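Student: Okay, handing you the structure first.
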Amino acid sequence: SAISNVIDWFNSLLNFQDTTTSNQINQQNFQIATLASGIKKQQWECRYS
Amino acid sequence: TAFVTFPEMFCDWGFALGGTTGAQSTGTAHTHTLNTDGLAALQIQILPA
């Protein structure tokens, strides 16, 4: 039972590890995309975006 | 939040004229004096069906 519990805890830790890494990558990419895009000049202010 | 072809402040308001006009078409040569009685703003276009 002790080894089985250790197996379960290690699997849970690996799941948390991958979820946290994916969340970090997604958050950083989302912030970079938001910074890259955003407000653009309207048609009357200037011709180009 | 909205988008407009040109700022609504023109559609709501106008500008006061000032200065002096040029030569006339015919008659005694003279130049009229502009004042606040002259309003510069957008026009109205009629349109049939």
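Student: Quick one: Karplus J couplings for the range B:23-31, per residue in order, coefficients 6.51, -1.76, 1.60, θ = phi - 60°, nearest Hz, x for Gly and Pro?
Tutor: Once rounded to whole Hz, the list reads 6, 9, 6, 7, x, 5, 5, 7, 10.
Student: While we're looking at this one, here's another question. Subtracting the Cα-Cα distance from 0.36 nm times the residue separation, let me have the gained length for A:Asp8 to A:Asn26 in nm, one decimal.
Tutor: Here the answer is 3.8 nm.
Student: Compare the Cα positions of A:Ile3, B:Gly38, B:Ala23 along the charge dipole of the protein assembly as shown (+1 at Cβ of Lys, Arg; -1 at Cβ of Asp, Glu; about the Cα centre) and return the one farthest towards the positive end.
Tutor: Towards the positive end, the residue furthest out is B:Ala23.
Student: Compute the acute angle (0 to 90°) between the alpha-carbon long axis of helix A:2-36 and the principal axis of greatest extent of the alpha-carbon atoms of chain A; round to the nearest 10°.
Tutor: 10
Student: Hey, got the Cα dimensions of the protein assembly as shown along the principal axes, in Å, largest first?
Tutor: If we take the Cα atoms of the protein assembly as shown, the spans are 114, 37, 23 Å.
Student: Then there is this: Quick one: what are the phi-derived ³J(HN,Hα) couplings along the range B:13-22, Karplus 6.51/-1.76/1.60 with θ = phi - 60°, whole Hz, x for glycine and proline?
Tutor: Calculated HN-Hα couplings, in order: 10, x, 10, 8, 7, x, x, 8, 6, x Hz.
Student: Also: Quick check for me: using +1 on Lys/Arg Cβ and -1 on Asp/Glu Cβ, what's the dipole size of the protein assembly as shown about its Cα centre, in debye to the nearest 20?
Tutor: 280
Student: Between B:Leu34 and residues 5 or more places away or on another chain, which pairs have amide H atoms under 5 Å apart, with H built 1.01 Å from N, and which residues are they?
Tutor: Correct list: B:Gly19, B:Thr20, B:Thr21.
Student: Could you tell me the center-to-center distance, by alpha carbons, between the range A:1-44 and the range B:22-42 in angstrom?
Tutor: 70
Only the coordinates and a few stated rules stand behind these numbers; no lab work does. We place every Cβ from the backbone using ideal geometry, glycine too, and count neighbours over all the protein chains shown.
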